[PDB]
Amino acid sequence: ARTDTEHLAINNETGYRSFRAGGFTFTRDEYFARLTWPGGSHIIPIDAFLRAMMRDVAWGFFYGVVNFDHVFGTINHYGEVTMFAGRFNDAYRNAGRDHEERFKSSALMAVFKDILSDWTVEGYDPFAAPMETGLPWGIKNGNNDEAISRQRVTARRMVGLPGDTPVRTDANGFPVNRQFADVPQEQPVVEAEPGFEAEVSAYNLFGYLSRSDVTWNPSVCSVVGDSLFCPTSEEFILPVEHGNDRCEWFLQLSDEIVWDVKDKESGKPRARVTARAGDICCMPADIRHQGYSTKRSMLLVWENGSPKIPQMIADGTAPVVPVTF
């Protein structure tokens, strides 16, 4: 599992640096990310690229396959990470033109962070929805290192408990997003008997989510073993097609999302799932998916973080769908 990455030259005309990781090269210009690897090349528009890179960075390579598009992406091996071109593309695979390299995660993550920093310009937030931010086009113009370096929040047990991740408020820097202006913000009534105040705890979860400053960013709010509730607020398009290496579940908390479901291995369209409030569905382990949300919407993403799952699915000792009827 490789470790060799490199900062290459700043381009005189564009102002941007290029980067190498193993055999892959990364270069951007005024409109595009340009990728090369031994045997071929690919172009992704820079806006989509940076939104995808932002999530793959913020999520630490997430679970399973983070497809940036139909050609390029990463596969999390939890400590190591595969980067690929065409691994999950029928055309490339049939032709034997796919390419994959395997890295130590910290090595690939360090280069991905430098890419994101160098390629993000002033006033552009690749974590935000298009109506909330400026543009990534043109030559290097400053940076937005503040937007791309946000601290991950993860509750150890539950939001708002002593020593755990805190409730969001105006005062700690998290106001209500304009598209949730109407969401009630009152906290639940909590009256603890003397000596139990650490154990009697509740918070306004929809209010917390109305205060999220990023889009498409599942964030642990409550834990029971490996079961993680990871809600998030969603707007525009999930910047990746997620092919999970386990099953996962979506519960729509507000408004509406449509999921485009394709085959995980080939990328062929399989289904479109419309979820309105209250709808819960499963994404099976052999598909990839990408969501669309016109209005900023609240979603619960529910995960089983157990590391045993991917090998069980591979073996067939765990099913691709968790329930059959």
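Numbers follow the displayed sequence, beginning with 1.
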Coordinates absent for residue 23 in a third or more of other entries:
no
Residue 316 not built in a third or more of the other entries:
yes
On mean Cα temperature factor in this entry, is 246-254 or 88-96 the higher one?
88-96
So which stretch wins on mean C-alpha B-factor, 133-141 or 149-157?
149-157
Checking the record values for 51, 288, 28, 295, which has the greatest CA B factor?
295
Using the temperature factors in the entry, find which of 171, 221, 116, 128 has the highest value at its Cα atom.
171
Tell me, lowest, middle or highest third: where does the Cα B factor of residue 305 rank within its chain?
lowest
Compared with the other modelled residues in the chain, in which third is the CA B-factor of residue 70?
middle
Relative C-alpha B-factor of residue 61, binned into the chain's lowest, middle or highest third:
middle
Among the modelled residues of its chain, does the C-alpha B-factor of residue 42 lie in the lowest, middle or highest third?
middle
Mind checking which third residue 264 falls in for C-alpha B-factor across the chain?
middle
